[PDB]
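This document starts with one chain, in the form deposited without ligand THP, laid out as structure tokens.
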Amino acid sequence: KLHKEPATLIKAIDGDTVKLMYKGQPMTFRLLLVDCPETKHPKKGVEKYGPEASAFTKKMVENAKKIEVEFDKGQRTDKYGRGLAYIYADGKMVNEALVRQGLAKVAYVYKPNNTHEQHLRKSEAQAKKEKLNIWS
């Protein structure tokens, strides 16, 4: 059974990366199942909707009363040592909000870390249907 744990904001880094205090230690978290356009991309750099994705995540976590982290059932860190998690801001999943707003696409999925895959794909289809941001 997945479950949410408390965490404390340190700072928002990008649309899909946030630094959090978790069980007492600073950690970088990568949001599961979503790909945002980049502001600091390995190759290109500041992609379109990048600054917007990043402002969205930032406001959402900066304005919350409570942030919670939810690990999936597979590996909890990636090769770069980032935690892989669903992030909640006052009970609202940041990963889904981004997708619902057309500020992220659903990423390539790796079982078994795919528990919220269907909900997100459904929000992505609606953002597409409404032609929002990335889908316009």
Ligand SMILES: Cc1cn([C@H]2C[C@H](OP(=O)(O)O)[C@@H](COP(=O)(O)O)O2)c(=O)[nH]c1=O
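Just count from 1 along the sequence shown to find any residue number.
Taking only CA atoms, the mean B-factor in the PDB entry is higher for 40-48 than for the other of 40-48 and 79-87.
Averaged over their C-alpha atoms, the temperature factors of 55-63 and 105-113 are higher for 105-113. Among the modelled residues of its chain, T17 has a C-alpha B-factor that falls in the middle third, as given in the PDB entry. Residue-level temperature factors show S123 in the lowest third of its chain, judged at the C-alpha atom.
Omitted here: the form deposited with ligand THP bound. The next part is about that form.
In the bound PDB entry, at least one heavy atom of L84 sits within 4.5 Å of ligand THP. Not displayed here, ligand THP is approached by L31 to within 4.5 Å at the level of heavy atoms in the bound PDB entry.
Although the partner is absent here, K92 lies well away from ligand THP in the bound PDB entry, with no heavy atom inside 4.5 Å. Contact annotation for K48: none of its heavy atoms lies within 4.5 Å of ligand THP in the bound PDB entry. Residues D78, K79, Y80, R82 of 64-82 are found to place at least one heavy atom within 4.5 Å of ligand THP in the bound PDB entry.
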